[PDB]
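Peer 1: Got a structure here, written out as structure tokens. Questions coming.
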Amino acid sequence: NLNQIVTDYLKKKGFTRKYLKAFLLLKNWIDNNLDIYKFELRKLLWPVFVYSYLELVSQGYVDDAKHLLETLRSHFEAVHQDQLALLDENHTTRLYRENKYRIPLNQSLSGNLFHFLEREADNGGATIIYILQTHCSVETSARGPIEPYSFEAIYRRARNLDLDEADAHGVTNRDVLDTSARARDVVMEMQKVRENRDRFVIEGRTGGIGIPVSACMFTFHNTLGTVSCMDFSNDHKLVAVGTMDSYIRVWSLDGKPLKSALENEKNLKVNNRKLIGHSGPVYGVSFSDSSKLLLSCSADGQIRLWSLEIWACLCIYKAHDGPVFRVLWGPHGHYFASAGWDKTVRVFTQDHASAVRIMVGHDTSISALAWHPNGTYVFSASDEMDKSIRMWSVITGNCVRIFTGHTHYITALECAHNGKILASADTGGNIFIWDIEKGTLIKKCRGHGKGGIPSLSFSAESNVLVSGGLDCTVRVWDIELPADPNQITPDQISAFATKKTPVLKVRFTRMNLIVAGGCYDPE
Amino acid sequence: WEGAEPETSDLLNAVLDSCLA
Amino acid sequence: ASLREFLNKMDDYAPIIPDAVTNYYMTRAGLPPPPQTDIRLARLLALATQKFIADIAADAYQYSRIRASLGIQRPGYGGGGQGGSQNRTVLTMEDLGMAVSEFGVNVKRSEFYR
Amino acid sequence: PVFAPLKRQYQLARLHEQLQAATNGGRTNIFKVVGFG
Amino acid sequence: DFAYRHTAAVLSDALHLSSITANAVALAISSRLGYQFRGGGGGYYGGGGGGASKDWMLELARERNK
Amino acid sequence: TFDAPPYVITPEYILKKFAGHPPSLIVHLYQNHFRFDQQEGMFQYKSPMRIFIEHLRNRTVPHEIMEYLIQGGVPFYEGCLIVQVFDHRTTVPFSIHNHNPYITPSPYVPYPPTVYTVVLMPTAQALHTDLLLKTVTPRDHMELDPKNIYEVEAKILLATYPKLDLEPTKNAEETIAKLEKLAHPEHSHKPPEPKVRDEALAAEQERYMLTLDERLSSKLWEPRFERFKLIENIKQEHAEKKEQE
Amino acid sequence: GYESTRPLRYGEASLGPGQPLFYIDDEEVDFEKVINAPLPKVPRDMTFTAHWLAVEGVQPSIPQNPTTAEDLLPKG
């Protein structure tokens with residue numbers, strides 16, 4: 001009994017029983033709305049910028065204030081030249097500090113703005129909220145949106161009316177509404193919005209069926225069975241495939257020409273390029289966190305770093321003794337890992353030519369890799385006699401978990417976005433779901449045919465998984481089945497079939513949509 | 001305990017270094 | 001002799017290996033094609049290959065000729081059919097194996113598989 | 001076969017010989033502790 | 001053909017070593033194993049993936065990971 | 001269930017938790033040799049036992065003598081070892097004219113410690129050695145069939161590290177901060193340093209004077225009393241056999 | 001020499017009753033036939049296309065998808 005052995009071992013061992021980010025975010029939100037609102041929304045840009053700049057100057061971070069001034073000067077250089085030159089103490093600053101800015105706005109617009117700011121409180125909206133409360137005052141009104149040809153402006157101009165308190169107080173609406181052509185309770189409004197919003201959450205799941213998803217397929221022709229690896233960029237704009245002829249080829253997924261930073265290649269017209277320099281079959285490729293860098297490994301025992309701006313190699317890493325089978329960037333793109341024939345896992349940083357960590361403990365070759373979403377753990381799997389999965393710590397380099405149970409060659413590994421689940425597949429068609437903290441198997445999924453499952457992907461919320469196999473199918477699984485209201489496992493939501501195209505890659509986008517890739521063989 | 005490590009670590013290290021030579 | 005003058009004269013020393021084969025095998029070995037690599041270098045590499053093959057061919061012919069005029073072929077060089085026609089010299093597995101044995105290659109096979 | 005440096009093998013052999021000499025083939029326990037220090 | 005060539009090589013080595021006994025064949029195989037066939041699907045303490053010992057690799061890993 | 005160790009083990013925690021318990025080992029240091037409490041012989045600093053002193057300097061469990069430690073039943077405290085160190089370190093030889101109360105006079109001369117407590121932390125090599133020893137220790141027959149080694153190691157790892165950090169980060173700054181926060185003292189050293197490479201007449205006179213000397217010439221010494229121990233063993237065996245007859 | 005594109009054919013000799021032997025078929029050829037032979041056909045260049053494998057969980061019946069005539073649904 002293993003429990004007796006473990007208890008004896010433990011007993012014998014004495015075990016006792018800042019502001020620029022906010023401005024950019026606000027500008028990006030502003031240009032996304034309808035063109036009607038934008039006219040009133042643009043009025044918030046200048047007060048926020050000036051008050052942020054003055055606060056940074058006062059706090060003593062004159063360097064940051066100078067950086068902000070120079071960075072954003074081009075945006076306002078065509079409106080407020082004199083003010084910017086002055087900003088290069090005078091009574092202007094005192095007057096600005098004494099009198100708080102007055103900005104008219106509509107009630108519905110105010111509600112939308114407050115909801116948006118609350119939705120991103122921790123991302124940078126708190127800074128804008130505080131600035132608006134302290135150095136600004138909003139005079140909300142029930143009028144319609146103000147535009148040069150909207151109902152309100154046309155009515156005011158035609159009927160020869162008079163300005164209001166909000167309109168009274170260097171662009172001023174007086175120049176528009178004149179013939180020459182309320183306050184706010186922020187803080188209270190914020191708690192109030194939070195209370196209203198908290199009432200519309202979903203906290204259960206009973207009955208029903210799984211989620212429906214769409215799929216787009218990219219097929220490669222005339223390959224003649226020489227393609228070994230595939231990969232999409234993080235934004236689904238480029239596709240790279242490695243071959244058995246030692247070269248790599250990158251395409252534009254929309255057919256648009258690719259661009260090179262070299263002046264001699266100015267405005268050249270090509271939508272696919274080649275990366276040459278390996279002397280052996282390429283087995284792995286990885287796009288960096290648009291992507292500017294690429295990693296590749298081959299059977300000659302080398303790892304190469306390429307540049308997607310000039311399309312040339314930059315460095316070579318020579319730490320392995322034998323073929324290298326897999327290479328992977330870190331979750332954020334400065335660290336990467338590799339593993340191959342010599343039964344060792346190595347972790348690199350792009351700034352150093354030697355591996356910073358070496359991980360021993362496997363008894364056979366490695367056949368899969370995966371990173372943890374937090375960037376401090378790595379997963380690996382071996383084949384043959386030793387079919388086990390291991391979790392290593394990057395800080396110490398030691399193993400912390402082992403998962404056992406697989407009886408076939410392991411082909412794919414994947415970690416959930418929440419960071420608490422792990423998925424793995426083998427050539428027997430099985431898919432395992434592991435609990436990382438307890439090191440226990442949760443359940444098994446079945447339905448795929450024999451041959452291998454090269455890839456796996458997790459939904460955005462980690463509630464749906466999609467897989468692709470060499471049996472020419474794409475399948476969707478439900479991690480947790482709905483609560484009952486009182487050959488294939490009953491948690492397979494869907495299953496699609498391809499026209500003689502083994503699937504080498506599946507990817508989940510932001511929506512309930514996926515992109516797949518494969519090679520078509522008529523025979 | 002006598003000669004607790006956290007306070008006398010440097011002296012023990014120095015004597016050990018002398019011993020190793 | 002100088003490398004500069006030899007490369008300049010490379011116009012007159014082009015080998016018989018087509019440029020397509022050169023480009024294919026350069027790409028396999030990890031070198032971009034002539035448009036990005038001076039054509040003279042590719043021609044030089046192809047000429048070296050031609051010289052190597054010609055040396056092996058001469059060695060094989062010398063081995064074949066001394067044999068021409070006990071009298072049983074050496075084991076491990078299985079191959080052939082009726083035995084050719086007329087008194088023509090035939091490039092056979094035995095002579096090629098004997099020649100390439102001097103270059104570090106082993107081409108031993110089985111004669112009958114059973 | 002399995003391969004490893006010669007220095008390690010020689011050092012381990014010497015250490016094992018010295019320990020066997022010191023412990024008289026395991027008949028004497030030189031690691032015993034009496035009292036509470 | 002690979003099996004044929006391996007058999008021929010081992011047979012020649014055994015013949016040079018010493019009618020030949022089984023000990024000669026075993027010695028020839030042992031000698032040949034010194035510079036090739038350092039692979040296979042060996043598991044616990046099996047000479048696969050280069051044939052290095054786990055203790056030496058652990059020492060190297062300890063030195064690096066410090 | 002057993003209480004699990006903290007993320008970083010320090011001498012203070014181990015010494016406080018296990019106060020009032022006997023130490024694992026007691027070592028006495030002398031000018032040029034050292035020994036244990038119940039050891040009758042001695043060990044030289046230049047002998048193979050320098051590994052123990054190196055481990056003491058580096059505060060690491062000596063996995064190379066794990067089986068010897070097991071045979072002696074040395075206690076472990078959460079996988080560590082508490083060691084007490086006692087610091088004792090701080091005429092005319094070969095002349096026939098010396099005097100001694102047991103010797104005639106001769107006519108050519110006129111006439112007649114600090115104490116220390118330290119803790120040694122475990123390593124991965126120690127666990128590897130433990131499992132390997134268990135694999136080849138007879139009790140099925142053997143104490144641990146190799147095929148169960150992976151499961152046993154998985155359970156030991158589960159018991160050792162019961163809680164991990166499984167919280168995702170959102171950008172590079174968060175990952176940098178998390179890496180900085182989790183640093184470990186035992187894995188934060190610096191990269192090593194590159195490896196580097198009148199009286200003559202008296203020495204020659206001595207060398208000439210020692211010509212053809214079989215034993216002293218070569219030198220120009222670690223007793224072990226092996227013959228004495230062999231004699232003792234044989235005498236004991238002979239006496240015991242004579243007991244029957 | 002094992003990367004040839006020619007077919008592999010075995011002869012059959014008979015050393016006796018129930019003791020057949022096999023050999024590789026190899027016939028001597030003239031250099032003219034080899035040097036003068038035409039080259040094989042060049043395949044087309046690599047390219048890729050796109051289509052919709054499924055819309056909201058249903059597979060459209062387009063030429064790029066397999067026909068419904070020819071294991072995709074649990075029946076427990």
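If you're wondering about the labels, chains in the structure tokens are A, B, ... by order shown, residues count from 1 in each chain, ligands from 1 in order shown.
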Just want the 8 Å neighbourhood of residue 106 of chain C, counted on only C-alpha atoms, with same-chain residues fewer than 5 positions away dropped. Output as a list in words.

Peer 2: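 Returned residues: residues 97, 100 and 101 of chain C.
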
Peer 1: Find the residues around segment 37-50 of chain E up to 7 Å (only C-alpha atoms counted), leave out those fewer than 3 positions away in its own chain, and share them as a list in words.

Peer 2: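 Once the adjacent positions are removed, what remains is residues 341, 342, 343, 363, 364, 384, 385 and 386 of chain A; 1 and 2 of chain D; 33 of chain E.
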
Peer 1: From chain B, collect each residue whose DSSP state is helix (DSSP H, G or I) and return the set as a list in words.

Peer 2: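 Of chain B, the ones in helix (DSSP H, G or I) are residues 5, 6, 7, 8, 9, 10, 11, 12, 13, 14, 15, 16, 17, 18, 19 and 20 of chain B.
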
Peer 1: With N, CA and C atoms retained, could you export that selection as an mmCIF file, in the first residue's frame?

Peer 2:
data_model
loop_
_atom_site.group_PDB
_atom_site.id
_atom_site.type_symbol
_atom_site.label_atom_id
_atom_site.label_comp_id
_atom_site.auth_asym_id
_atom_site.auth_seq_id
_atom_site.Cartn_x
_atom_site.Cartn_y
_atom_site.Cartn_z
ATOM 1 N N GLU B 5 22.176 29.984 15.633
ATOM 2 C CA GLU B 5 22.750 30.306 14.327
ATOM 3 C C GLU B 5 22.514 31.747 13.894
ATOM 4 N N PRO B 6 21.305 32.310 13.986
ATOM 5 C CA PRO B 6 21.061 33.606 13.327
ATOM 6 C C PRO B 6 21.978 34.721 13.795
ATOM 7 N N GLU B 7 22.486 34.660 15.024
ATOM 8 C CA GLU B 7 23.357 35.700 15.558
ATOM 9 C C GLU B 7 24.836 35.369 15.415
ATOM 10 N N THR B 8 25.205 34.094 15.520
ATOM 11 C CA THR B 8 26.597 33.668 15.473
ATOM 12 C C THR B 8 26.979 33.048 14.135
ATOM 13 N N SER B 9 26.167 33.243 13.095
ATOM 14 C CA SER B 9 26.447 32.604 11.813
ATOM 15 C C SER B 9 27.782 33.064 11.242
ATOM 16 N N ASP B 10 28.081 34.361 11.347
ATOM 17 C CA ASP B 10 29.307 34.884 10.751
ATOM 18 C C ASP B 10 30.547 34.290 11.410
ATOM 19 N N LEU B 11 30.547 34.186 12.741
ATOM 20 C CA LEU B 11 31.710 33.638 13.435
ATOM 21 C C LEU B 11 31.924 32.173 13.074
ATOM 22 N N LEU B 12 30.843 31.389 13.053
ATOM 23 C CA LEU B 12 30.953 29.986 12.674
ATOM 24 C C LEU B 12 31.448 29.851 11.240
ATOM 25 N N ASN B 13 30.945 30.698 10.340
ATOM 26 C CA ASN B 13 31.398 30.659 8.955
ATOM 27 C C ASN B 13 32.881 30.987 8.854
ATOM 28 N N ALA B 14 33.340 31.988 9.607
ATOM 29 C CA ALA B 14 34.750 32.360 9.559
ATOM 30 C C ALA B 14 35.637 31.234 10.076
ATOM 31 N N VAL B 15 35.248 30.607 11.188
ATOM 32 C CA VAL B 15 36.068 29.526 11.727
ATOM 33 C C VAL B 15 36.060 28.330 10.781
ATOM 34 N N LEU B 16 34.916 28.044 10.154
ATOM 35 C CA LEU B 16 34.865 26.954 9.184
ATOM 36 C C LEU B 16 35.746 27.251 7.977
ATOM 37 N N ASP B 17 35.738 28.500 7.505
ATOM 38 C CA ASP B 17 36.606 28.877 6.395
ATOM 39 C C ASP B 17 38.071 28.707 6.769
ATOM 40 N N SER B 18 38.440 29.119 7.983
ATOM 41 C CA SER B 18 39.812 28.918 8.439
ATOM 42 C C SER B 18 40.157 27.435 8.493
ATOM 43 N N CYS B 19 39.227 26.611 8.980
ATOM 44 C CA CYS B 19 39.474 25.176 9.070
ATOM 45 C C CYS B 19 39.686 24.563 7.691
ATOM 46 N N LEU B 20 38.838 24.927 6.726
ATOM 47 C CA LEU B 20 38.970 24.364 5.385
ATOM 48 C C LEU B 20 40.283 24.784 4.739
#

Peer 1: Mind dumping a table of every chain E residue within 12 Å of segment 8-30 of chain D, with the nearest atom pair and its distance in Å to one decimal, using only C-alpha atoms, sorted by chain and rising number, as a tab-separated table?

Peer 2:
residue	atom	partner	partner_atom	distance
E:53	CA	D:8	CA	11.6
E:55	CA	D:8	CA	10.1
E:56	CA	D:8	CA	8.8
E:59	CA	D:8	CA	10.8

Peer 1: Keeping only C-alpha atoms, write the selected residues to a file as an mmCIF file, in the first residue's frame.

Peer 2:
data_model
loop_
_atom_site.group_PDB
_atom_site.id
_atom_site.type_symbol
_atom_site.label_atom_id
_atom_site.label_comp_id
_atom_site.auth_asym_id
_atom_site.auth_seq_id
_atom_site.Cartn_x
_atom_site.Cartn_y
_atom_site.Cartn_z
ATOM 1 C CA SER E 53 23.597 9.348 -15.134
ATOM 2 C CA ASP E 55 23.181 11.981 -10.280
ATOM 3 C CA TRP E 56 25.589 13.899 -12.525
ATOM 4 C CA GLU E 59 24.667 17.963 -9.657
#

Peer 1: Please compute the atom CA of residue 94 of chain C-atom CA of residue 61 of chain C distance, one decimal, in Å.

Peer 2: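 Atom CA of residue 61 of chain C lies 11.2 Å from atom CA of residue 94 of chain C.
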
Peer 1: Near chain A, which residues of chain F fall within 8 Å when you count only C-alpha atoms, and what do they look like as a PyMOL selection string?

Peer 2: chain F and resi 1-4+75-79+124+148+150-158+161-164+166-169+171-172+175+179+182-184+187

Peer 1: Would you please give, as a PyMOL selection string, all residues of segment 314-418 of chain A that DSSP assigns to strand (DSSP E or B) based on the backbone?

Peer 2: chain A and resi 314-317+324-329+335-340+345-349+357-359+366-371+377-382+388-393+399-404+410-415

Peer 1: Could you list, as a list in words, every residue within 12 Å of residue 15 of chain E, counting only C-alpha atoms and ignoring same-chain residues fewer than 6 positions away?

Peer 2: residues 8, 9, 21, 22, 23, 24, 25, 26, 27 and 28 of chain E

Peer 1: Selection from above, N, CA, C and O atoms, as a PDB file, in the first residue's frame, can you write it?

Peer 2:
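Result file follows (result36.pdb):
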ATOM      1  N   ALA E   8      26.966  -8.784 -39.596  1.00  0.00           N
ATOM      2  CA  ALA E   8      28.298  -8.973 -40.159  1.00  0.00           C
ATOM      3  C   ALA E   8      29.364  -8.327 -39.281  1.00  0.00           C
ATOM      4  O   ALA E   8      30.408  -8.930 -39.005  1.00  0.00           O
ATOM      5  N   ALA E   9      29.115  -7.097 -38.827  1.00  0.00           N
ATOM      6  CA  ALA E   9      30.101  -6.404 -38.002  1.00  0.00           C
ATOM      7  C   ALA E   9      30.346  -7.150 -36.696  1.00  0.00           C
ATOM      8  O   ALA E   9      31.499  -7.373 -36.295  1.00  0.00           O
ATOM      9  N   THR E  21      32.989 -19.001 -28.882  1.00  0.00           N
ATOM     10  CA  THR E  21      32.054 -19.282 -27.807  1.00  0.00           C
ATOM     11  C   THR E  21      31.024 -18.160 -27.694  1.00  0.00           C
ATOM     12  O   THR E  21      31.024 -17.196 -28.463  1.00  0.00           O
ATOM     13  N   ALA E  22      30.126 -18.291 -26.716  1.00  0.00           N
ATOM     14  CA  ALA E  22      29.170 -17.225 -26.439  1.00  0.00           C
ATOM     15  C   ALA E  22      29.835 -16.056 -25.724  1.00  0.00           C
ATOM     16  O   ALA E  22      29.401 -14.906 -25.875  1.00  0.00           O
ATOM     17  N   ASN E  23      30.885 -16.329 -24.947  1.00  0.00           N
ATOM     18  CA  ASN E  23      31.588 -15.260 -24.248  1.00  0.00           C
ATOM     19  C   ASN E  23      32.210 -14.280 -25.233  1.00  0.00           C
ATOM     20  O   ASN E  23      32.214 -13.068 -24.994  1.00  0.00           O
ATOM     21  N   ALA E  24      32.745 -14.786 -26.346  1.00  0.00           N
ATOM     22  CA  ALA E  24      33.310 -13.901 -27.358  1.00  0.00           C
ATOM     23  C   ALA E  24      32.243 -12.982 -27.941  1.00  0.00           C
ATOM     24  O   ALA E  24      32.485 -11.785 -28.139  1.00  0.00           O
ATOM     25  N   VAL E  25      31.056 -13.523 -28.224  1.00  0.00           N
ATOM     26  CA  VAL E  25      29.975 -12.705 -28.769  1.00  0.00           C
ATOM     27  C   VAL E  25      29.553 -11.645 -27.761  1.00  0.00           C
ATOM     28  O   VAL E  25      29.336 -10.477 -28.113  1.00  0.00           O
ATOM     29  N   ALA E  26      29.420 -12.036 -26.491  1.00  0.00           N
ATOM     30  CA  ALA E  26      29.044 -11.071 -25.464  1.00  0.00           C
ATOM     31  C   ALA E  26      30.088  -9.969 -25.339  1.00  0.00           C
ATOM     32  O   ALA E  26      29.744  -8.788 -25.214  1.00  0.00           O
ATOM     33  N   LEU E  27      31.371 -10.336 -25.374  1.00  0.00           N
ATOM     34  CA  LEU E  27      32.430  -9.337 -25.278  1.00  0.00           C
ATOM     35  C   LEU E  27      32.410  -8.398 -26.477  1.00  0.00           C
ATOM     36  O   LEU E  27      32.616  -7.188 -26.330  1.00  0.00           O
ATOM     37  N   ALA E  28      32.174  -8.938 -27.674  1.00  0.00           N
ATOM     38  CA  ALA E  28      32.102  -8.092 -28.860  1.00  0.00           C
ATOM     39  C   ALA E  28      30.950  -7.100 -28.757  1.00  0.00           C
ATOM     40  O   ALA E  28      31.110  -5.915 -29.073  1.00  0.00           O
TER      41      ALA E  28
END
